[PDB]
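The chain below stands alone and is given in structure tokens; this is the form deposited in one PDB entry.
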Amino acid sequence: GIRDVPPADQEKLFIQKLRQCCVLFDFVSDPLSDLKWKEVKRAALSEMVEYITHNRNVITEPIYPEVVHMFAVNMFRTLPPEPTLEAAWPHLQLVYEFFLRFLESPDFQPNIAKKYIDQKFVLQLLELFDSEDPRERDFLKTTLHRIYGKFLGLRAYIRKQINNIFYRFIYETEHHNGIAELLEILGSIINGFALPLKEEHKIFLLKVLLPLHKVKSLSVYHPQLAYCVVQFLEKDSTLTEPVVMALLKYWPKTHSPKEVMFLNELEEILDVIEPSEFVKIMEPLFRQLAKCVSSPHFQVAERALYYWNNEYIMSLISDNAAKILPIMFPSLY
């Protein structure tokens, strides 16, 4: 290991390995090519992971630019046009692992690192969320979460650029492989919002999160989206009417199994709803619920019927029985 040469020589050798790992190998054209050198690079990456994991005061000031340059050269690249996996994963996996341990080390000083981990770095990182490889997206997700946490100065930039990605997805391409992972990061951020909610965030709910419900591939990221929406209503109950009315607007207009995820989101909203907000939206909500109960899709009908077994929802229905019963049972009440 690096640990086994004299302490005077260790930084030099560490830098030397980081630079060797800037050599890039092709795993696609000829997959049996250069196996000896590929292994040399894998072992060097693995050695550097161990070295920063098991030693202290080894991330010195000259290490920072070398680490960031090594990451960039390996990771910032044009992406190709069940899932398609990244053939270079045997190396990229270890670069992600090492960079993560770099960020999480007790030696790590954000006041030094911020000179190299900047808006440009975050821009290029965020482009990689469109990777087809779910393992890459998973490492990216964790990495960006760590960066957002440790770099206060980058937080506004990260939020804005995720919004740019979301806007292009909604209004242009309707195709992006990592919406779910980005919403997962946003969920953790929304949960930490202070009160009262900044106007920036309410705009983000109303202009970004709600319109995400209209994109045809919604089912891929819907659980993560619902979680973000519910967190907003736990923070500020006065946003209930615009959220519920928008959800009702985006509700499928043919009977569909996709209504199941809409019923899930809506029940999760009702679980945190205030009685006075409930009365505002109960009539349109239960008109939709009545249609779902009568759905010719068995799973939709059953799913809607379960609302009656939610004790809290039933207490709200029962306190407003005179207005809700005639909607749920027109030929009776």
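Residue indices: 1-based, along the sequence shown.
One more form of this protein exists, namely the form deposited with a partner chain bound; it is left out here, but the text below deals with it.
- Contact annotation: residue 78 falls within 4.5 Å of the partner chain in the bound PDB entry, judged by heavy atom distances.
- Residue 164 belongs to the set of residues with a heavy atom inside 4.5 Å of the partner chain in the bound PDB entry.
- The partner chain in the bound PDB entry is not approached by residue 239, whose heavy atoms all lie more than 4.5 angstroms from it.
- For the chain shown alone, residue 101 is not a contact residue for the partner chain in the bound PDB entry, no non-hydrogen atom being within 4.5 angstroms.
- Considering the partner chain in the bound PDB entry, the lone stretch of 105-113, 67-75, 199-207, 89-97 in range is 199-207 [heavy atom distance within 4.5 Å].
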